[PDB]
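1. give me the fold of what follows.
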Amino acid sequence: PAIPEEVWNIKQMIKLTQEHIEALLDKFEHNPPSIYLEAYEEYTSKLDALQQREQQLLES
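-> Numbering: from 1, shown residues only. Right below this line is the structure:
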């Protein structure tokens, strides 16, 4: 309708990504493995990707 359904779907992916990021952080503890830190960077990047796609859809 007025709001593209894709905005709502991105908002859902954003929340799943934040939850995933929180689960990642919930497994940090002294010298945490590079594989965790790299995943953290991957999902924060994915978060920035979703947010730009959303702000770009919001040219209403």
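
2. close enough to count as contact, residue 57 and residue 4?
-> Yes - judged on C-beta atoms under 8 Å, residue 57 makes contact with residue 4 at a distance of 5.4 Å. Where you see a C-beta, it was placed from the backbone N, CA and C, and this is true even at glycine.

3. tell me, how many residues neighbour the closest residue to residue 39 other than its chain neighbours?
-> Excluding the flanking residues, the one nearest residue 39 by C-beta to C-beta, 6 or more residues apart in numbering is residue 24, at 5.8 Å. Neighbourhood size, residue 24 [other C-beta atoms under 10 Å]: 17.

4. how about residue 17?
-> By other C-beta under 10 Å, 19 other residues sit near residue 17.

5. residue contacts, it?
-> Shown in contact with residue 17 (C-beta atoms under 8 Å, 6 or more residues apart in numbering): 43, 46-47, 50.

6. what's the helix or strand for residue 56?
-> Using DSSP states H and E, the element containing residue 56 is helix 34-57.

7. buried residues in that helix, which are they?
-> Within helix 34-57, the residues scored as buried using 16 or more other C-beta atoms under 10 Å are 40, 43, 46-47, 50, 54.

8. how about stretch 9-22?
-> 10, 13-14, 17, 20-21.

9. next one: it to chain centre, how far?
-> Its chain's C-alpha centre and that of stretch 9-22 lie 5 Å apart, by C-alpha atoms, centre = their mean, to the nearest Å.
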